[PDB]
Amino acid sequence: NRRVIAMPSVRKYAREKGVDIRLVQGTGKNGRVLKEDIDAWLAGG
């Protein structure tokens with residue numbers, strides 16, 4: 001449907017930070033998840 005959108009390094013960072021791009025709304029370019037997004041996610045908001 002929407003699939004995962006994130007940098008090759010982000011998917012790894014989130015994948016490591018128990019974060020899934022699915023739970024992280026990327027706001028990069030076309031809504032791609034950035035490392036900043038991953039971190040913000042874990043923070044809660």
# chains A, B, ... in the order shown; residues from 1 in each chain; ligands from 1
>>> residues_around(residues="residue 35 of chain A", least_positions_apart="6", cutoff="8 Å", atoms="only C-alpha atoms", output="PDB file with N, CA and C atoms, in the first residue's frame")
ATOM      1  N   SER A   9      20.653   3.973   5.250  1.00  0.00           N
ATOM      2  CA  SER A   9      21.238   4.014   6.584  1.00  0.00           C
ATOM      3  C   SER A   9      20.158   4.160   7.654  1.00  0.00           C
ATOM      4  N   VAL A  10      19.040   4.779   7.284  1.00  0.00           N
ATOM      5  CA  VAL A  10      17.938   4.982   8.217  1.00  0.00           C
ATOM      6  C   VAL A  10      17.271   3.668   8.577  1.00  0.00           C
ATOM      7  N   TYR A  13      19.276   2.193  11.063  1.00  0.00           N
ATOM      8  CA  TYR A  13      19.234   2.893  12.338  1.00  0.00           C
ATOM      9  C   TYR A  13      17.943   2.583  13.084  1.00  0.00           C
ATOM     10  N   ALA A  14      16.821   2.683  12.384  1.00  0.00           N
ATOM     11  CA  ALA A  14      15.533   2.379  12.977  1.00  0.00           C
ATOM     12  C   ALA A  14      15.493   0.904  13.324  1.00  0.00           C
TER      13      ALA A  14
END
>>> select_by_dssp(residues="chain A", states="alpha helix (DSSP H)", output="ChimeraX atom specification")
/A:10-16,35-43
>>> write_last_selection(atoms="N, CA, C and O atoms", output="mmCIF file, in the first residue's frame")
data_model
loop_
_atom_site.group_PDB
_atom_site.id
_atom_site.type_symbol
_atom_site.label_atom_id
_atom_site.label_comp_id
_atom_site.auth_asym_id
_atom_site.auth_seq_id
_atom_site.Cartn_x
_atom_site.Cartn_y
_atom_site.Cartn_z
ATOM 1 N N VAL A 10 19.040 4.779 7.284
ATOM 2 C CA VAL A 10 17.938 4.982 8.217
ATOM 3 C C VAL A 10 17.271 3.668 8.577
ATOM 4 O O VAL A 10 17.059 3.371 9.750
ATOM 5 N N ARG A 11 16.938 2.884 7.566
ATOM 6 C CA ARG A 11 16.291 1.602 7.793
ATOM 7 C C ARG A 11 17.128 0.763 8.751
ATOM 8 O O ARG A 11 16.599 -0.047 9.507
ATOM 9 N N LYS A 12 18.439 0.986 8.723
ATOM 10 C CA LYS A 12 19.357 0.276 9.598
ATOM 11 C C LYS A 12 19.306 0.866 10.999
ATOM 12 O O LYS A 12 19.300 0.141 11.994
ATOM 13 N N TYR A 13 19.276 2.193 11.063
ATOM 14 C CA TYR A 13 19.234 2.893 12.338
ATOM 15 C C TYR A 13 17.943 2.583 13.084
ATOM 16 O O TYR A 13 17.967 2.230 14.263
ATOM 17 N N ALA A 14 16.821 2.683 12.384
ATOM 18 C CA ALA A 14 15.533 2.379 12.977
ATOM 19 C C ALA A 14 15.493 0.904 13.324
ATOM 20 O O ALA A 14 15.099 0.517 14.418
ATOM 21 N N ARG A 15 15.939 0.084 12.382
ATOM 22 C CA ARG A 15 15.982 -1.353 12.584
ATOM 23 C C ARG A 15 16.769 -1.689 13.850
ATOM 24 O O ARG A 15 16.479 -2.672 14.531
ATOM 25 N N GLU A 16 17.763 -0.860 14.157
ATOM 26 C CA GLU A 16 18.589 -1.055 15.338
ATOM 27 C C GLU A 16 17.935 -0.447 16.570
ATOM 28 O O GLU A 16 18.015 -0.999 17.669
ATOM 29 N N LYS A 35 17.119 9.877 9.617
ATOM 30 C CA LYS A 35 17.650 9.459 10.908
ATOM 31 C C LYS A 35 17.069 10.334 12.008
ATOM 32 O O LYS A 35 16.830 9.874 13.126
ATOM 33 N N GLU A 36 16.810 11.595 11.672
ATOM 34 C CA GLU A 36 16.223 12.528 12.620
ATOM 35 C C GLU A 36 14.821 12.060 12.981
ATOM 36 O O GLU A 36 14.385 12.179 14.125
ATOM 37 N N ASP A 37 14.127 11.501 11.989
ATOM 38 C CA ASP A 37 12.782 10.985 12.194
ATOM 39 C C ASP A 37 12.823 9.810 13.161
ATOM 40 O O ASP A 37 12.064 9.754 14.130
ATOM 41 N N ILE A 38 13.731 8.879 12.891
ATOM 42 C CA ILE A 38 13.907 7.699 13.735
ATOM 43 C C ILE A 38 14.098 8.101 15.192
ATOM 44 O O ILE A 38 13.394 7.618 16.080
ATOM 45 N N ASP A 39 15.060 8.987 15.429
ATOM 46 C CA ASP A 39 15.354 9.458 16.776
ATOM 47 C C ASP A 39 14.121 10.096 17.412
ATOM 48 O O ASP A 39 13.772 9.792 18.554
ATOM 49 N N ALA A 40 13.467 10.982 16.667
ATOM 50 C CA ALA A 40 12.273 11.663 17.157
ATOM 51 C C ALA A 40 11.192 10.660 17.543
ATOM 52 O O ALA A 40 10.461 10.862 18.513
ATOM 53 N N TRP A 41 11.102 9.577 16.780
ATOM 54 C CA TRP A 41 10.121 8.535 17.038
ATOM 55 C C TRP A 41 10.335 7.935 18.420
ATOM 56 O O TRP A 41 9.433 7.936 19.260
ATOM 57 N N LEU A 42 11.539 7.429 18.646
ATOM 58 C CA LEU A 42 11.895 6.824 19.927
ATOM 59 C C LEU A 42 11.635 7.789 21.080
ATOM 60 O O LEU A 42 11.297 7.373 22.187
ATOM 61 N N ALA A 43 11.796 9.080 20.810
ATOM 62 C CA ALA A 43 11.579 10.107 21.824
ATOM 63 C C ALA A 43 10.103 10.218 22.188
ATOM 64 O O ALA A 43 9.757 10.654 23.286
#
>>> residues_around(residues="residue 21 of chain A", least_positions_apart="3", cutoff="8 Å", atoms="only C-alpha atoms", output="PDB file with C-alpha atoms, in the first residue's frame")
ATOM      1  CA  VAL A   4       8.619   1.659   3.643  1.00  0.00           C
ATOM      2  CA  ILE A   5      10.499   4.808   2.660  1.00  0.00           C
ATOM      3  CA  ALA A   6      13.843   5.626   4.268  1.00  0.00           C
ATOM      4  CA  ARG A  11      16.291   1.602   7.793  1.00  0.00           C
ATOM      5  CA  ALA A  14      15.533   2.379  12.977  1.00  0.00           C
ATOM      6  CA  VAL A  24       7.912   6.646  11.640  1.00  0.00           C
ATOM      7  CA  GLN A  25       6.329   9.215   9.331  1.00  0.00           C
ATOM      8  CA  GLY A  26       9.158  10.336   7.071  1.00  0.00           C
ATOM      9  CA  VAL A  33      12.086   8.742   6.960  1.00  0.00           C
ATOM     10  CA  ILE A  38      13.907   7.699  13.735  1.00  0.00           C
TER      11      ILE A  38
END
>>> atom_distance(atom1="atom CA of residue 31 of chain A", atom2="atom CA of residue 45 of chain A")
17.1 Å
>>> select_by_dssp(residues="chain A", states="strand (DSSP E or B)", output="list in words")
residues 6, 28, 32 and 33 of chain A
